[PDB]
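Asker: One structure coming up, written as structure tokens, with questions to follow.
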Amino acid sequence: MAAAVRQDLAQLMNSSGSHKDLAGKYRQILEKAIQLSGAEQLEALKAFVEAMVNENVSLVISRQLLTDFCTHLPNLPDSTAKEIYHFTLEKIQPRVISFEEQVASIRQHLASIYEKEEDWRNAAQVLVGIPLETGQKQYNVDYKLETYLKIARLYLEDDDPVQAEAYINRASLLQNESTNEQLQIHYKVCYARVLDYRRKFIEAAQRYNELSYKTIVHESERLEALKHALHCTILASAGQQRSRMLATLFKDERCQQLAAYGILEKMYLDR
Amino acid sequence: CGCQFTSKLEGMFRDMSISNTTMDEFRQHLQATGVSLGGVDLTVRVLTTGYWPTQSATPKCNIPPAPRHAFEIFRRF
Amino acid sequence: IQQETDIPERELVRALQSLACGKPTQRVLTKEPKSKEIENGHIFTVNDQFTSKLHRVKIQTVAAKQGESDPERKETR
Amino acid sequence: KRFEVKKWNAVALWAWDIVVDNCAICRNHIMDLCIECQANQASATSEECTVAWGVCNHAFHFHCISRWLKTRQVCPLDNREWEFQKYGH
Ligand SMILES: [Zn+2]
Ligand SMILES: [Zn+2]
Ligand SMILES: [Zn+2]
């Protein structure tokens, strides 16, 4: 019955009336399409997306119905609703400058959904597509930080962090603007992870050690971060800076709890 | 003057030079056609922000569809 | 024009009033509520205006007097 | 239609890219210290070594260009005279 839904949308497009009445009628049509299933639901929603992006349709009807469309979609399972995500993302290009909140929401939903199917490759590329630089929709510094942090974390799990270097940067570039301490802590953990990955084992150990003496970080995470500091310190380049870090790590009693406690104990005590 | 605001006037002139070079360069590419979406009469100018002072807030209003395709060609090109 | 356009601030009115408010007998955008101040629920129409038989007729409401007023004069000082 | 657009004379503005992932004077990173400073501590006093921005929108460490500006003065990535437009990022 997707053809009937498309016919109703085409007739409603040429109808004249108040904005509230048209929005309610479009919402009812959207609900009827959602009640469908299989290919019929897919085609009905495809026509709904095509109608919203259409020039004649009001932007208010366009932005909100697409938003209300995006609210019902996470209910539909990990299936045919993702080919329309690529379809809907592709369709938004004439009004991509008019509104980009829905584009960001779809990309955020798609990135997490790709994250579900052990796919940090495509999740990264989709989330890069977000134009955080634009600024007319001033994404709150936390949101830009959260997005850039997610791209770096996705790239870290995929290990192609030539771009994640440039992405931990743009996270850092707007980092000294944000407020959320937990987001800042989540940033420093990811930033220390980036340092650990590339070559900066000595710098990651410094960052991990700085994050080790915190309070809001979970005690298990604090032990894990310190364990990351200990491993990075052992793996770093043997020098004056690394010797000082070994001396610093020979102070924590939760270093002693770790299995590598013996390793640096022989190490710093010159064996 | 020497190495002063005359240099600001230098950049002002460079922008006019780039505007006309891109003008004829875009003329050649609209002649090629083939994949031209908004193939109507366009006279697009290119300037640099380093020397032109703040004109306004540079708003982000909407654009009519036929100019949108014309703008999409130039930005892509 | 303010809800389905994503229009900027008061600068919209100056652009909008250029066709209706303070217009000679060459109006290209007329309205029923004839008044100086701008309302909200006022309808726009169009007039033929045969007096403006000019083929490439232009509405040069902008650049009425290039005079460098004080507010920009003080800030640039 | 009643009104159709025939001509358009829009003006397009553009700005340079920076590729903020590594500066060219020392090749360490845009942040995370320079070759003349190495570690974070050892008489840094909140790390008095930040990123400097020129009028040409290039970015390097403050100390790296300082050693560059004493010998030459020509911003090795362009031929602008490298004015000083920002301090830090
Ligand atoms: Zn550098
Ligand atoms: Zn330094
Ligand atoms: Zn430069």
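So you can find residues: chains in the structure tokens are A, B, ... in the order shown, residues in each start at 1, and ligands are numbered from 1 in order.
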Based on DSSP run over this structure's backbone, return all residues of chain B in alpha helix (DSSP H), as a PyMOL selection string.

Answerer: chain B and resi 6-32+65-76

Asker: Would you list the contacts of region 59-74 of chain D as a ChimeraX atom specification, taking every protein, DNA or RNA residue within 10 Å and counting only C-alpha atoms, but skipping same-chain residues closer than 2 positions in sequence?

Answerer: /D:18-20,22-37,48-57,76-83,86-89

Asker: Fewer than 6 positions away in the same chain doesn't count, so skip those; otherwise give me all residues within 12 Å of residue 28 (chain B), counting only C-alpha atoms, as a PyMOL selection string.

Answerer: chain B and resi 21-22+77

Asker: To one decimal place, how far is CA of residue 51 (chain A) from CA of residue 37 (chain A) in Å?

Answerer: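 Calculated distance between CA of residue 51 (chain A) and CA of residue 37 (chain A) is 19.7 Å.
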
Asker: List the spatial neighbours of residue 44 (chain A) as a ChimeraX atom specification - criterion: any atom at most 10 Å away, only C-alpha atoms, same-chain residues fewer than 2 positions off excluded.

Answerer: /A:1-6,9,29-30,32-34,36-37,39-42,46-50

Asker: Give me, as a PyMOL selection string, all polymer residues having an atom no more than 10 Å from region 13-15 of chain C, counting only C-alpha atoms and skipping those fewer than 4 positions away in the same chain.

Answerer: chain C and resi 8-9+19-21+38+61-62

Asker: Write out, as an mmCIF file, in the first residue's frame, the residues just selected, with N, CA, C and O atoms.

Answerer:
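See again_20.cif below for the written result:
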data_model
loop_
_atom_site.group_PDB
_atom_site.id
_atom_site.type_symbol
_atom_site.label_atom_id
_atom_site.label_comp_id
_atom_site.auth_asym_id
_atom_site.auth_seq_id
_atom_site.Cartn_x
_atom_site.Cartn_y
_atom_site.Cartn_z
ATOM 1 N N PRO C 8 17.530 36.139 8.620
ATOM 2 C CA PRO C 8 18.243 36.830 9.707
ATOM 3 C C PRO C 8 17.404 37.904 10.386
ATOM 4 O O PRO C 8 16.196 37.995 10.161
ATOM 5 N N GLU C 9 18.044 38.710 11.230
ATOM 6 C CA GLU C 9 17.383 39.672 12.110
ATOM 7 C C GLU C 9 16.935 40.903 11.321
ATOM 8 O O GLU C 9 16.823 40.848 10.092
ATOM 9 N N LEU C 19 10.730 47.214 -1.002
ATOM 10 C CA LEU C 19 9.739 47.021 -2.053
ATOM 11 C C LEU C 19 8.380 47.622 -1.722
ATOM 12 O O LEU C 19 7.610 47.909 -2.646
ATOM 13 N N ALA C 20 8.062 47.816 -0.442
ATOM 14 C CA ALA C 20 6.753 48.305 -0.032
ATOM 15 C C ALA C 20 6.820 49.672 0.639
ATOM 16 O O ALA C 20 6.152 50.610 0.198
ATOM 17 N N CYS C 21 7.614 49.810 1.698
ATOM 18 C CA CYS C 21 7.641 51.047 2.468
ATOM 19 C C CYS C 21 8.518 52.093 1.789
ATOM 20 O O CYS C 21 9.584 51.780 1.253
ATOM 21 N N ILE C 38 5.742 48.343 10.234
ATOM 22 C CA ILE C 38 5.572 47.000 9.692
ATOM 23 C C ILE C 38 4.772 46.154 10.677
ATOM 24 O O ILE C 38 5.063 46.129 11.879
ATOM 25 N N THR C 61 16.783 51.136 -4.170
ATOM 26 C CA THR C 61 16.489 51.704 -2.860
ATOM 27 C C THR C 61 17.730 51.774 -1.979
ATOM 28 O O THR C 61 17.823 52.654 -1.117
ATOM 29 N N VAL C 62 18.682 50.863 -2.179
ATOM 30 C CA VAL C 62 19.914 50.843 -1.400
ATOM 31 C C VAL C 62 20.848 51.933 -1.902
ATOM 32 O O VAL C 62 20.630 52.503 -2.980
#

Asker: In Å, with one decimal, what is the gap from CA of residue 23 (chain B) to CA of residue 9 (chain D)?

Answerer: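 If I compute the distance from CA of residue 23 (chain B) to CA of residue 9 (chain D), I get 10.5 Å.
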
Asker: Contacts of residue 43 (chain B) at 10 Å or less, counting only C-alpha atoms, minus same-chain residues fewer than 5 places along, as a list in words?

Answerer: residues 19, 20, 22, 23, 24, 26 and 27 of chain B; 7, 8, 9, 10 and 11 of chain D

Asker: Of the candidates D:41, D:58, D:12, D:46, which shows the shortest atom-to-atom distance to ligand 1, using only C-alpha atoms and all ligand atoms?

Answerer: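 Answer, going by the shortest atom-to-atom distance: D:58.
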
Asker: For a test of reading the model, state the distance in Å between CA of residue 268 (chain A) and CA of residue 194 (chain A), rounded to one decimal.

Answerer: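 Separation of CA of residue 268 (chain A) and CA of residue 194 (chain A): 26.0 Å.
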
Asker: Could you name the residues that touch residue 18 (chain B) at 9 Å or less, counting only C-alpha atoms, but leaving out those on the same chain fewer than 5 positions away, as a list in words?

Answerer: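 These residues fall inside the cut-off: residues 13, 23, 45, 46 and 47 of chain B.
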
Asker: Tell me which of A:209, A:28, A:35, A:64 sits closest to chain C, counting only C-alpha atoms.

Answerer: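 Closest residue, counting only C-alpha atoms: A:64.
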